[PDB]
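Observations on the model geometry
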2 protein chains.
Amino acid sequence: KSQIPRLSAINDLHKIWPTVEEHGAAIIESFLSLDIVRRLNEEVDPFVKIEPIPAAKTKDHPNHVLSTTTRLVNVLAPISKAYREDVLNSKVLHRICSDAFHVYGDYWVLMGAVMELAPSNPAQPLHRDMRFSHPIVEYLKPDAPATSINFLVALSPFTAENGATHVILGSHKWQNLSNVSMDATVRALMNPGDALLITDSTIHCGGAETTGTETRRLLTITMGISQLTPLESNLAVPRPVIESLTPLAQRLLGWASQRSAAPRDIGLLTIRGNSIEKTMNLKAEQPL
Amino acid sequence: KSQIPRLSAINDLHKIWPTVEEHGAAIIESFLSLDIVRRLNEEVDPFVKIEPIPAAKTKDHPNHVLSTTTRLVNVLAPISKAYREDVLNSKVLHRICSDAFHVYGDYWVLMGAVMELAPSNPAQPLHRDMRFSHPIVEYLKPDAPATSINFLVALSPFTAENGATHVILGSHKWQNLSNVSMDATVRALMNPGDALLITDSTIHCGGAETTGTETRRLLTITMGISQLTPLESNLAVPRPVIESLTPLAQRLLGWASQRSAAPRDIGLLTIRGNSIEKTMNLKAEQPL
Ligand SMILES: O=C1N[C@@H](Cc2ccccc2)C(=O)Nc2ccccc21
Ligand SMILES: O=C1N[C@@H](Cc2ccccc2)C(=O)Nc2ccccc21
Ligand SMILES: O=C(O)CCC(=O)C(=O)O
Ligand SMILES: O=C(O)CCC(=O)C(=O)O
Ligand code: NI
Ligand code: NI
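Residues numbered from 1 in each chain as written, not as in the entry; some residues may be left out. Chains lettered and ligands numbered in written order. Heavy atoms only, no water.

1. Things to note about the relation of the copies chain B and chain A
In this arrangement, two copies of a chain are superimposed by a rotation about an axis accompanied by a shift along the axis. Take chain B, turn it by 180°, move it 0.0 Å along the axis, and it overlays chain A with an RMSD of 0.0 Å. Taken together, the turn and the small shift mark the pair as related by a two-fold rotation axis. Using C-alpha coordinates, one finds that chain B approaches the rotation axis most closely at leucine 140 of chain B, a distance of 2.1 Å. A shared binding surface is used by both copies, with 100% of the interface residues of chain B retained as interface residues in chain A. (Least-squares fit on C-alpha atoms. Contact = heavy atoms within 4.5 Å.)

2. A short note on the packing of helix 1 (residues 13-23) of chain B against helix 4 (residues 91-101) of chain B
A packed helix pair is summarised by two numbers, namely the angle formed by the two axes and the spacing between the axes. Residues and elements named next belong to chain B. For the pair helix 1 and helix 4, interaxial distance at closest approach is 9 Å and the crossing angle is 45°. Classified by the angle their axes make, helix 1 and helix 4 are oblique. Note that helix 1 runs across helix 4; the crossing there is right-handed. Here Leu13, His14, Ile16 and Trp17 of helix 1 lie close against helix 4, whose contacting residues are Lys91, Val92, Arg95, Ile96, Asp99 and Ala100. A class-by-class count of the residues in the contact of helix 1 with helix 4 yields 6 nonpolar, 1 polar and 3 charged. (Axes fitted to C-alpha atoms, helices over the stretch in contact; angles between N-to-C directions. Helix = DSSP H or I, 4+ residues; strand = E, 2+ residues; numbered from the N terminus. Parallel < 35°, antiparallel > 145°, perpendicular 65-115°, else oblique. Left-handed = near helix turned anticlockwise from the far one by under 90°. Nonpolar A, V, L, I, M, F, W, Y, C, P; charged D, E, K, R; others polar.)

3. Comments concerning the site of ligand 4
All names here are of chain B. Residues in close proximity to ligand 4 include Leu66, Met115, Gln124, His127, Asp129, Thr165, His204, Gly206, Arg216 and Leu218, which together make up its full environment. With respect to ligand 4, the side chain of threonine 165 contributes an N or O atom lying 2.6 Å from an oxygen atom. The side chain of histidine 204 places a nitrogen or oxygen atom 3.1 Å from an oxygen atom of ligand 4. Coverage of ligand 4 by the protein amounts to 90% of the 300 Å² it exposes when considered alone. In the shell around ligand 4, the residues fall into 3 nonpolar, 5 polar and 2 charged. (Near = heavy atom within 4 Å. Polar contact = N/O pair within 3.5 Å; in protein donor to acceptor, adjacent residues only side chain to side chain. Areas by Shrake-Rupley, 256 points an atom, 1.4 Å probe, with all protein chains shown as cover.)

4. Looking at the side chain of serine 171 of chain B
Residue and element names in this part refer to chain B. Positionally, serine 171 belongs in the loop between strand 6 (166-167) and strand 7 (186-187). Taking the relative accessible area as the measure of exposure, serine 171 reaches 0% and is therefore buried. Setting aside chain neighbours within four positions, we find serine 171 in contact with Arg128, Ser201, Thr202 and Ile203. (Buried < 20%, exposed > 50% of the residue type's maximum accessible area, 1.4 Å probe, protein only.)

5. Some thoughts on the interface of chain B and chain A
Buried accessible area, meaning the area lost when the parts come together, often serves as the stated size of an interface. Each partner contributes to the interface: chain B provides 66 residues, whereas chain A provides 66 residues. Carbon and sulfur atoms supply 59% of the area buried between chain B and chain A, which totals about 5800 Å² over both sides. Its largest share of buried area at the contact with chain A, chain B owes to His61, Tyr139 and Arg272 of chain B, together 15% of the area lost on that side. Scanning the region where chain B abuts chain A turns up 0 salt bridges. For the interface between chain B and chain A, the tally reads 40 residue pairs in polar contact. (Buried area = accessible area lost by both parts, 1.4 Å probe. Salt bridge = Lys/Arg side-chain N within 4 Å of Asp/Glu carboxyl O.)

6. Topic: the site of ligand 2
As a matter of local geometry, ligand 2 sits amid 13 residues, with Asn63, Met111, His127, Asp129 and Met130 of chain B nearest to it. Neighbouring residues of ligand 2 are not confined to one chain but are distributed across chains A and B. With respect to ligand 2, the side chain of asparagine 63 of chain B contributes an N or O atom lying 3.0 Å from an oxygen atom. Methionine 130 of chain B is positioned with one of its backbone polar atoms (N or O) 3.0 Å from an oxygen atom of ligand 2. Contact with the protein chains hides 93% of the accessible area of ligand 2, taken as 440 Å² for the molecule alone. Its residues assigned to classes, the shell around ligand 2 shows 9 nonpolar, 3 polar and 1 charged.

7. A closer look at the UniProt feature "binding site: Fe cation" in chain A
All names here are of chain A. The sites that UniProt annotates as "binding site: Fe cation" are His127, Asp129 and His204. Across 78 residues, the annotated set stays spatially compact, with a maximum C-alpha separation of 8.7 Å. Exposure remark for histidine 127: the relative accessible area of 23% places this residue in the partly exposed category. With residues near it in sequence (within four places) discarded, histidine 127 still touches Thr202, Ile203, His204 and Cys205. In this structure the side chain of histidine 127 is engaged in a polar contact, spanning 2.9 Å, whose partner is the backbone oxygen of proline 125. Of note, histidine 204 is situated in strand 9 (residues 204-205). (UniProt positions renumbered as here; feature names shortened; annotations may be inferred.)

In structure tokens:
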């Protein structure tokens, strides 16, 4: 059976979205440079170590879906300079997203999270994303263009033995889920900085960690149309941090108004005909 | 032909959503008391008078759809005590919305706006709402439950001669728009405080003002599932105003996290497993 298509971030940029559109998955080799992965890991390191179990009894909004051997930390902008600057302004990410979402309009980050899987983390069940947060997506027509996509960026090696992600190629066009089986999957073997890109309809799952020693870490960036509400809030991010960002990064974090692709678009998150950024006179690219 | 069903806010509360579900429209008599209409009008009065044309060349996000004889003012919470307290906490509104949106989860205000139509304002073309802001809604399956509804509350008399709203009953279940004609419409004749309730699929239009003397005003409250992005932002509303509100009103304005109806809901606008309100220690019901 056939493997996940691999593409260069540098040379095959225009081929990336068409490939995902056709097959439901693609590996973008060197999506983030090793330098950015290095800085990213450095900055989130302590935050993943202090993170409790997904369903911790201290949480307002516990996650009952992820395994107890999973640590997920989101709202990365205040934690990570590499995230807020380098990845939020990634030229490759933005070309792919504008390729993907042009039918709808503006897009933004629905969630940027680092996930770390402890040794011997079991495989997740095969699934489509968004079903625990956006029930609306299940009511979309089967051929509706994808309203969100997920960049699963390796922050450590992805191997078959350490639980590299499984995908079923072509499953983004499936309606019937009766042939859903691990038998039908292929693996995303990746070096740090490579990214597996899937859609909200691609059937996939985290793999079983079988070494008992390796700790797999990933940066999952769910990008979605600005018409859908993010899983995470940047409302509590200090204004000096927000004002350090580019206008584009600000929009991605919900600190700007948004636009649909309707010819006479009337806009989203507007204030009596004016943008958030104008109204609040929000500054941009003000260094810390 | 048959008229829009009229229901009492007091005695037929449980019948309201089922009626809209069946017919696509209902008139809720005395939705807002005359006292609340009175205070509401008093408070927004100067803000509608200073409002420029919808497509004013000074605007970041001009509205090119509304007539030049329309004045729309939104983000009402900072302007209006009656809005922020009485209508955002309306028991009737919240019963109807929880009736309507229980399949999806939490709902919030996509837009609360006062619209005032000058004398001799022409009829709007027949339309469905949401098509200039949320192209996603057109990709929903035809039988998907409505993801937003619109309360068109009369703030002055609605008469046939002064341009009372037209609706086509049953048109929320139409797929084929070839019998779209003013011939097929009936009118929402209303006293101040009555509300016409429609869905995002109900075909309707503002009427032609024919007296040349009357000024019609309405409060349009588009309520929608929390999975869809509001047309307006409350990000720039002073924190003392937000802290004067109830927790429910805060959630409605995007100053709280939200939940979907998925059995293991992982939530919306959350911060590392915790709510906005906890994280920012947002106070509630702190009087001005
Ligand atoms: O918690 C998350 N559940 C997934 C789906 C899922 C996860 C495990 C087992 C079954 C299903 C999701 O829908 N969205 C995301 C996206 C980024 C990170 C985590 C999640
Ligand atoms: O501008 C708005 N256009 C409408 C649709 C429309 C209006 C006039 C003529 C044709 C179509 C809309 O989709 N949403 C709203 C909702 C509240 C107030 C105004 C509008
Ligand atoms: O662990 C992985 O590689 C994939 C994680 C995932 O699919 C999810 O949590 O939604
Ligand atoms: O003017 C009216 O009564 C209806 C207004 C309306 O439907 C709209 O602006 O979307
Ligand atoms: Ni997943
Ligand atoms: Ni309308």
